[PDB]
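In: return atomic coordinates for the entry below.
(chains A, B, C, D, E, F, G, H, I, J, K, L, M and N, ligands or ions: 4)
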Amino acid sequence: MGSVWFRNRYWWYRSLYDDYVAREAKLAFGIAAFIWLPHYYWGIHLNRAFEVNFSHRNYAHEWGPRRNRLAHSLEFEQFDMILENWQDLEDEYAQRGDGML
Amino acid sequence: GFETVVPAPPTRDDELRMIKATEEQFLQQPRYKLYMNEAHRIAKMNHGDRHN
Amino acid sequence: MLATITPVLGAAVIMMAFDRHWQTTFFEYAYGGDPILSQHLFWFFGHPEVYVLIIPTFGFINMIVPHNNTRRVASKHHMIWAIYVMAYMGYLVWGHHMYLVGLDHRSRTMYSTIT
Amino acid sequence: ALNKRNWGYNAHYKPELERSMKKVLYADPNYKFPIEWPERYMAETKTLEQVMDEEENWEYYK
Amino acid sequence: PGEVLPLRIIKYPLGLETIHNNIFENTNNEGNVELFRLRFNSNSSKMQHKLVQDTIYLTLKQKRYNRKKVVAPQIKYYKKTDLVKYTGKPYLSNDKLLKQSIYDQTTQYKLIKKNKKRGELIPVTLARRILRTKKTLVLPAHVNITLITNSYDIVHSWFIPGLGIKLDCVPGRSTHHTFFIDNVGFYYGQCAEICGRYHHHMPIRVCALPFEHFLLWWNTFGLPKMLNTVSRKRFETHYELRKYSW
Amino acid sequence: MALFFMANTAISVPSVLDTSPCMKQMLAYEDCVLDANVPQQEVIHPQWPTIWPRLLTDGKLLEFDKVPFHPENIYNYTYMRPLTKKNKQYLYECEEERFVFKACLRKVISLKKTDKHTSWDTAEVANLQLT
Amino acid sequence: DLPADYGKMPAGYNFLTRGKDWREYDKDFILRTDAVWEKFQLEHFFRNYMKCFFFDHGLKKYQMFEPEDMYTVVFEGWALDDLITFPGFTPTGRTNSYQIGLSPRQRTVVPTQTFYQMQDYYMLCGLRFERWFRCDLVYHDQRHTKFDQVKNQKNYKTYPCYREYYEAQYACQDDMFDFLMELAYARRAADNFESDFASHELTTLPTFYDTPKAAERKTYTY
Amino acid sequence: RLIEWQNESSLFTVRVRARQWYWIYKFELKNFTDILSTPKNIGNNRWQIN
Amino acid sequence: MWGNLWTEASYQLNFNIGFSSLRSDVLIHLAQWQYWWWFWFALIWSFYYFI
Amino acid sequence: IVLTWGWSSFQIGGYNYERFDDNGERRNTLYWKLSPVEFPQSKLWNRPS
Amino acid sequence: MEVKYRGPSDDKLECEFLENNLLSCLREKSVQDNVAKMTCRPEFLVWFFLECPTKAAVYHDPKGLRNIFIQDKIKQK
Amino acid sequence: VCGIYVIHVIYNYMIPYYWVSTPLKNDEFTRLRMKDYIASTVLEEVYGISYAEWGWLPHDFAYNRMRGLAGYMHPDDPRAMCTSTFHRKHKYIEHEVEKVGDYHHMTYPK
Amino acid sequence: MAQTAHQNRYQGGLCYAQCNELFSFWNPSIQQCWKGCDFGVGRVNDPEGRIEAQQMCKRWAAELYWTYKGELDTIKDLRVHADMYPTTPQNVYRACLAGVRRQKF
Amino acid sequence: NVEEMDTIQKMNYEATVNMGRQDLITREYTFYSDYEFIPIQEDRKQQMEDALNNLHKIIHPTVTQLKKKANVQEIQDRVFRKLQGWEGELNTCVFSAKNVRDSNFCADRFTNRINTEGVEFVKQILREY
Ligand SMILES: [Cu+2]
Ligand SMILES: [Cu+2]
Ligand SMILES: [Cu+2]
Ligand SMILES: [Mg+2]
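Out: Numbering: from 1, shown residues only, chains lettered A, B, ... in the order given. Ligands and ions are numbered 1, 2, ... in the order given. Below is the structure in question.
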């Protein structure tokens, strides 16, 4: 990782800048590992939140109208049951013209 | 500018024969003849041969 | 850089003055003109002006830092070539100020990738 | 054969219900659909009177 | 200029219509397909009639909110029979009921105008001053709208921060943009290109709604207009509501 | 973005599972109706023979005493069109699905909110919402 | 399946379900343990989502208004204007909740791909209006005697330039369409066909598509 | 890839014309017919046009 | 407000830092990209700590 | 000042905002599976932009 | 998506309106719509089962429905 | 790099623009189609879809899959010929599509 | 390839190559021919599968464009040429049929 | 009739009538500086239309049996070149016509050219195809 791959390390430093910051670079390696940890964890949390939001968007796009249709059918079925009972009452009224009243 | 007799749509055997003919014609192309697969590929190759 | 862009800026503003007071309709679309041409001219002057403004401060820091540090600068040749290539690119990125005006996608991609 | 797909063609109802009649009907090779699958998405050229007359003068395949 | 010549021979274009694979649009009474047409000029000095404007647009003029001097009540007339069939002052309640007002609506409006309580973190939804318009552009969600942007006079900017979009309305340029809103959302906006005196107060309101609610708005406020029939509801609104159904 | 720029992909999150009571039955019935290919859109509701009985008699579902009736295409006033014999035939083959849908709806309606539903407040966890 | 007429609709079938035992279908569907909760959630969502109308007590009827920002609904609920009567989502009371998609595209006489590189359709607008104006100059004066503007609308035939007209309208804007309509009026009053002046084909480079035998130029294949 | 190069594949079209200090939204007549022809996802992801 | 369907999307308060609304695809993508962009500087920052 | 705060302050603030304020949710929402998600904090206020 | 919550209103005037619509629909649909004039609004029917649940209970009780039927027949007479 | 890009722009944006300048009697649409094709089908504007999992999450990829199929639905679009397929499952995980060819509609991915 | 089954034309195989050989380089009919090749995978070698693939082409053309019923059955010539563009459902159908024909295996 | 139509039908009928009545209005506005010419009379118009119908009757079987719009357009272009030369001759001779006798002479010459030379030219062309 860095100058270890090169067999003329001096040239390397030279051929880059002729300036030397290797020790700071390695201290940076260690500290960078131990400081990137928490940002990555919170980013995992954020990524899960974004995925949940996209899943909700897909479900709302696809199944929202279906659920509304299902509710409409439920209400119409309640009216159908009420209408069947009302028609039974109407048949009884036809049998008995004013006995019910 | 008269028309010709339009033949019936080819059967599977005719399709296979024309596929084989296209395969052979594709295989005939050299590697240094850089002409892309196009409707005008054969015309451009003939034009290039005449130009050469 | 100012030597290159000053004629373009002058032409743009002269055309604006003519359009204002002579009704030459240089930027009226009804009979040939286009305001997009005015935007192109000004921004062709525009971005090189900001690059003219910013670059000398690089010289200020590149003089002050070695002086107090009593050492040579890192790479003066490379810094000079970097500012020169920045000046070069300043003449092909004028359109990043005109992304939304409806430029063709070819030009817009060119401006974005050079910017 | 591995890459063979229906690609959304003849995507009619597949009866999962056991008591459904269409299931049995869809098992019959002689079953005729009301309209061919590519024709479901095509605009009708016939008028209302012609369509109603043809549908009234219609016989089930069985 | 010149004249409409006595006779002109005109070629009928071929292949314009491919509806049923027929290239001959015209056919005379004899049953023969026509390739040519004779056009005769009868009156030499007669002028030619201007092309009739076949374009009909539903025009929504979105302007800034206008202050009301007095809150007028809801008045409905008989059968224009200026006798008041119904008069009332509704107010929308918290439980979404248009209840009958027991207050003075003008007094409420004036009190809200003069002195309303605000806070250091008041949401933009509850604090709008340069974002209120009379009308809203209602569009369906999860579907594609082409937006042909253009400007009458100078360059403006149709800027929607919520959707993260901005269309530079440039004169002459009939610029086509794709518009897709993946959410039911009411977005405010402002002009984002300097245009002059009321550049700041040039608000935008765009409501993306599901296609059922958008269709309801279209059939109750958009389809009533753009019909060119009498303003009676029995002849226009209900008309389309029973003639054009989705 | 790049190859590994978001550094994590939330593959654990599944698609939102549908827990609607009779959604499967509704979808099966709607598929059967689409196969029947009935121009009347009111057939999408299983209660249509009781809600719009005129579809079985003359198709007159609305009154046009004041609003003019001006048909122009076949795709006009489709609700004012009686069910032709052919349509009825292909609406008969969906009777099993329609009956199952109506039975599911009736059973859902018969359900009541009693006081033994102790976990009524904490039902979101039960209804597979804690992804 | 046992009868030979299985699936055939019996004569006089009224589709009615009065007095039908629904316990037969108890095994034909599955209800979750939280079915009651889901039913109540469905009812609440349908009530609070679909009901974009409010019951006015003075009129004793439902009313509605155009979509408005929350502020106007909240702090100006006593100043609501342009209230109309709610007619309903659909004329017959059925459902209107459907996921939508993209309808099939229209046939194109003048392709958009001629100038598809440009986001501004000015050249495309000009080309489409040019083609439409050629068609109109062919058919403009026969419109009220042979096409859609006839008095007997039972014999209505579509004007042949309808598709090009709508393509031009889509490509152009209102102001550009009006400019081109002024130009079209000038050229129609002058009765100026383009072929009456066109001479630029002589000063155009030859092309394989300019061969004298155009019909034989195309190579048709299966 | 989602907000550009999709002008020709649209449900319908709206003209946004900006006049000095207000906006104008124009709906062409054809859009009306387009709104009538919007497909419906009915059933298990099946599309119908009425 | 469209009935009880709160169609308002911004909800941004005063002293707001982020986007006006994260309800749209473009702004959601931009927010995620900016966060993970700020993620990829650790080493560089650490280097500039030790200089 | 340079490392520890600039790489943990935003994460701590977001974690406490979710833990103590539920990310500022408007809780009067009916169905979660059909609701827009109130995201945790994703715009770093400790960064220049 | 963002749908707020508001329970059934049970507003007396709104419930009377929906009750009148429901009674008209029951009368018209009981005879297979063989009526001179059809005033039923089936859409409004669904709202009766969402805005006036108490009244819905009255219509799901046989005794209450019978009493409503008798009252409506008396009103028609 | 800039000049190679600039040459590529000059190759297909300026000189082709200067080719056709008048209305054409023969195959005008084909000539204009060639002119526009060499400029509007540049990979820089069409290549992104091949690597979409980099920026589209498995649910967002599923949603944008139908947004792309309905966005490039128009058959008359040569750049849609160069755009990568939208009939592929998400590499990391796919939730909606099991088989990329088992749909209920030809122009819809479900 | 947005409507096609392969990420790039090269993964499409010989059929796709033939499609690129069928039309000029500026023709979306190449994409339509690629769709036809997709429809013909594992169906061409069987007669019923080939008829089904042709019907798939019919359905594809009917979905892409507003098509009238029976119109695709009244096409005078089903052959294609280089300059045939998918501006009509007939052209889309012809390109798809050509793609099905050029499908090996 | 008008009394038997509703409001919308009356609106549509009035629209059609007004769209048909364009020319009438333009009959009022005439220009002084225009070059007047004696128009082709109605009988000559009908005779020329009959000659064109005869040409179309000759053309119809060939073009309807032709399946190539390119060939049909080629036939149309050739016939149009011939007819356009004749039309130019007719317009030149009619614009300078001093009276209805001259106009009738020119129209009859054009009709004879269609009926004599036009049919032969068209027949040779169609025999080529
Ligand atoms: Cu700049
Ligand atoms: Cu403005
Ligand atoms: Cu402004
Ligand atoms: Mg600006």
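In: does residue D:35 touch residue F:37 like I think?
Out: Yes - judged on CB atoms under 8 Å, residue D:35 makes contact with residue F:37 at a distance of 5.5 Å. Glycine gets a C-beta too; all of them are placed from N, C-alpha and C.
In: where does whichever residue of chain N sits closest to ligand 3 fall, secondary structure wise?
Out: Closest to ligand 3 within chain N is residue N:15: 41.0 Å, counting by CB to the ion. Here residue N:15, judged by DSSP states H and E, is contained in helix N:7-20.
In: and the helix or strand just after that helix, anywhere near chain E?
Out: Once the chain leaves helix N:7-20, the next helix or strand it forms, by DSSP H and E, is helix N:22-26. Yes - using CB under 8 Å from any CB of the partner chain, helix N:22-26 reaches chain E at N:22, N:23, N:25, N:26.
In: do stretch K:11-22 as well
Out: Yes - using CB under 8 Å from any CB, we find that stretch K:11-22 touches chain E at K:11, K:14.
In: could you dump that stretch to CSV, C-alpha only?
Out: Presented in CSV, the C-alpha positions along stretch K:11-22 are these (Å, rounded to 0.1, in the frame of the first residue of the first chain):
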residue,chain,number,x,y,z
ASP,K,11,-73.3,14.5,11.2
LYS,K,12,-77.1,14.6,11.6
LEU,K,13,-77.7,16.6,8.4
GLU,K,14,-75.2,14.6,6.3
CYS,K,15,-76.7,11.3,7.7
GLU,K,16,-80.2,12.5,6.8
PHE,K,17,-79.0,13.2,3.3
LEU,K,18,-77.3,9.8,3.0
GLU,K,19,-80.4,8.1,4.6
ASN,K,20,-82.7,9.7,2.0
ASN,K,21,-80.4,8.6,-0.8
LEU,K,22,-80.2,5.1,0.7
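In: and the contacts of that stretch?
Out: Residues outside stretch K:11-22 that contact it (CB atoms under 8 Å, 6 or more residues apart in numbering or on different chains): A:79, A:82, E:97, G:55, G:57, G:60-61, K:40-41, K:44-45, K:47-48, K:51-52, K:55, K:59.
In: which of the residues you listed are buried, as a PyMOL select command?
Out: Here is the PyMOL command that selects the buried residues among these (16 or more other CB atoms under 10 Å in any protein chain shown):
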select buried, (chain A and resi 79+82) or (chain E and resi 97) or (chain G and resi 55+57) or (chain K and resi 40+41+44+45+47+48+51+52+55+59)
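In: so of the contacts of stretch K:11-22, which ones are in strands?
Out: In this view, these that belong to strands under DSSP state E are G:55, G:61.
In: now, the contacts of stretch K:11-22 that are in helices?
Out: A:79, A:82, K:44, K:45, K:47, K:48, K:51, K:55, K:59 (DSSP state H).
In: out of these, which is nearest to ligand 3?
Out: Nearest member of these to ligand 3, counting by CB to the ion, is residue K:47, at 44.9 Å.
In: the closest one contacts residue G:51, correct?
Out: Yes - using CB under 8 Å as the test, residue K:47 is close enough to residue G:51 to be in contact (7.2 Å).
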